[PDB]
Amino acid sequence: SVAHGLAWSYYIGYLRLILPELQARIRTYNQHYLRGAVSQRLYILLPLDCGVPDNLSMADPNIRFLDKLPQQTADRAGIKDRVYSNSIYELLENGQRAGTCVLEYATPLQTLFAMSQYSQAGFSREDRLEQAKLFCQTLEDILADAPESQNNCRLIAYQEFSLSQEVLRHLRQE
């Protein structure tokens, strides 16, 4: 139930607010500059081990930062012009650019990791994998009822390895 609430909050508090505006941001980026073009959809990394690093090129050198997408702003809960920033990455395969996409980790998975570390959270490391799977499954179930959000994102769940090959397999499915 910790993961059930986290998935509902990740959707209500974030995905619901950025995914309807994402297509236009990507088109605007591609207009100023097929595979050369940044692919559509937010690619969401879901490591079931709940390991969320801040730098992607550290996780896999074949994932290289290209540019920041133009930021989205909106008045949110008293924050005037709350800023939504997203990053574009190149995916390399044997020294060649094989794909370009908007990529990030689902940050609530780091909450599961931290809760399993802190005694006061009353959350055991033995329950973390089941909770990570439930977070992913709940997010999939919600997105199945939100067509605008579902078509604007791709869920990349995995257990450990090549992170770029994991992303490319999803990118090549289209």
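Between two forms, the rigid core is defined as the largest C-alpha subset superposing within 1.5 Å. Just count from 1 along the sequence shown to find any residue number.
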**Asked** Is the larger C-alpha RMS shift in 7 other deposited structures of this protein, relative to this form with the rigid core superposed, found in 4-12 or in 165-173?
**Response** 165-173
**Request:** Please work out whether 14-22 or 149-157 has the higher root mean square C-alpha deviation in 7 other deposited structures of this protein relative to the shown form, with the rigid core as fitting region?
**Result:** 149-157
**Message:** Tell me whether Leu34 is absent from the model in at least one third of the other entries compared, counting only those where the residues either side are present.
**Reply:** yes
**Asked** Would you class the number of unmodelled deposited residues between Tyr33 and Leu34 as none, 1 to 3, 4 to 9, or 10 or more?
**Response** 1 to 3
**Message:** Between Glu160 and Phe161, how many residues of the deposited sequence have no coordinates in this entry: none, 1 to 3, 4 to 9, or 10 or more?
**Reply:** 4 to 9
**Selected stretch [higher average CA B-factor]: 108-116 or 51-59** = 51-59
**Request:** For the higher mean C-alpha B factor in the entry, choose 35-43 or 142-150.
**Result:** 35-43
**Request:** Would you mind ranking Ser124 by its C-alpha B-factor against the rest of the chain and naming the third, lowest, middle or highest?
**Result:** middle
**Asked** What third of the chain, by the recorded C-alpha B-factor, contains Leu171?
**Response** highest
**Request:** Give the position of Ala24 by CA B-factor within its chain, expressed as the lowest, middle or highest third.
**Result:** highest
